[PDB]
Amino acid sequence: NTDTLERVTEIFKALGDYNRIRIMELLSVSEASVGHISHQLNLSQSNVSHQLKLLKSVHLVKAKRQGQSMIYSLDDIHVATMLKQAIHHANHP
């Protein structure tokens, strides 16, 4: 239905990007700080943060304080499941 379908359109527009997919995949491995995301993907912290704010605005990632820095994670199991199944499909026959 109309509004559900505009949110899923926004979800998939946000996922349509090589570096945002790399960040999603990394988060699917484990929750992570900006600095760890930047180190592993060889992306600047400023770029990482920019892409996380975009992912967070369509509710694909969340952020939770843990003392001094912000830990990012895939929002929930539905986002994780969507992502893993897409990757698996991409990997295969």
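Numbering starts at 1 and follows the sequence shown.
Stretch exceeding the other in mean C-alpha B-factor - 67-75, 21-29 = According to the entry, 67-75 carries the higher average C-alpha B-factor.
Between the two ranges 82-90 and 3-11, the one averaging a larger CA B factor in the entry = In the deposited entry, the stretch with the higher C-alpha B-factor mean is 3-11.
For residue 40, the third of its chain into which the C-alpha B factor falls | Residue 40: CA B-factor falls in the middle third of its chain.
Assigned third (lowest, middle, highest) for the C-alpha B factor of residue 47 = CA B-factor rank for residue 47: middle third.
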